[PDB]
Amino acid sequence: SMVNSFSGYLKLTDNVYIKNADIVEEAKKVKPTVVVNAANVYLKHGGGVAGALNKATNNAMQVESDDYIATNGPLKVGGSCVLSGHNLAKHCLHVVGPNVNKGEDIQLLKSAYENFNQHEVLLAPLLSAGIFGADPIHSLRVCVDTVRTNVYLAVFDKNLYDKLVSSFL
Ligand SMILES: Nc1ncnc2c1ncn2[C@@H]1O[C@H](COP(=O)(O)OP(=O)(O)OC[C@H]2O[C@H](O)[C@H](O)[C@@H]2O)[C@@H](O)[C@H]1O
């Protein structure tokens, strides 16, 4: 197994680590095999993690995503696809958490995190915890209870990070 340069992560469990950092800056520094995007089913990378990752690729992520959708159609809620990581990572795993704010079942967050188990090591965000409206601590707990591979979580928001790391899992 390869060794990556992830540094400054707090250990949560045997396989889950967390840091107060911007996922774009972590990806630029570490250049991991897999960075995870918190996507929507259309791969329209507007804001949050998706918009920030896409901007850092100079829109190449969006161009590639548009071809993916034209060929294959939307992803499923809880689903994923593997695309290029462009200048940020070898690959980007686009994963769709439920849009809880629009009535999608929060239970699909477990299905979303199951996609991570197909990859030995990932740099990832907390799925559904932003504009999709899932409680962030719930997303973290589902991640810890679902993902068995090595996941390095980048939490942009300082106040959120401080709360998450002093919560039970
Ligand atoms: N640069 C960042 N680095 C790390 N974490 C971040 C960053 N930006 C936001 N977060 C945190 O990452 C977490 C997830 O926030 P979100 O990115 O909204 O993802 P979702 O799954 O809820 O919504 C998906 C939609 O978001 C996009 O618009 C897509 O195109 C989709 O339409 C929150 O805790 C954020 O504070």
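Filter 44/76; 11/55; 28/55 down to the pairs with a C-alpha to C-alpha distance above 22 Å, please.
Among 44/76; 11/55; 28/55, the Cα-Cα distance tops 22 Å for 11/55.
At most 16 other C-beta atoms within 10 Å and a DSSP loop state: those are the exposed trypsin sites (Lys or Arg not before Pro) I care about. Give me the longest piece of the chain that has none.
The segment 91-147 is the longest one with no such site.
Amide H to amide H under 5 Å from residue 91: which residues, 5+ apart in sequence or cross-chain, H placed 1.01 Å off N in plane?
Answer set, sorted by chain and number: 34, 35, 85.
To two decimal places, what compactness ratio does the chain give when its Cα radius of gyration is scaled by 2.2 N^0.38 Å?
0.94
Arrange 86, 91 by Cβ neighbour counts within 10 Å, fewest through most, would you? Walk me through the numbers on the way to the answer.
Working: 86 21, 91 18.
By the 10 Å Cβ count, ascending, the order reads 91, 86.
Please give the Cα centre distance for region 74-100 versus region 120-147, rounded to the nearest Å.
Answer, in whole Å: 14.
Report the gain in length on full extension from residue 59 to residue 135: 0.36 nm times residue separation, minus Cα-Cα distance, nm rounded to one decimal. If you can, show how the numbers build up before the last one.
Values: separation 76, 0.36 × 76 = 27.36 nm, distance 2.96 nm.
Stretched fully, the residue 59-residue 135 segment lengthens by 24.4 nm.
Okay, which of region 82-104 sit inside 17 Å, backbone N to the point 7 Å along the Cα-Cβ direction of residue 29?
Output list for this probe position: 88-89.
Percent antiparallel among DSSP beta bridges with both residues in the chain, to the nearest 5? Could you put the intermediate results ahead of the total?
Values: 7 of 23 bridges.
Within the chain, antiparallel bridges account for around 30 percent of the total.
Every number here is computed from the coordinates shown, using simple stated rules; none is lab data. Neighbour counts run over all protein chains shown; Cβ positions are idealised from the backbone, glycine included.
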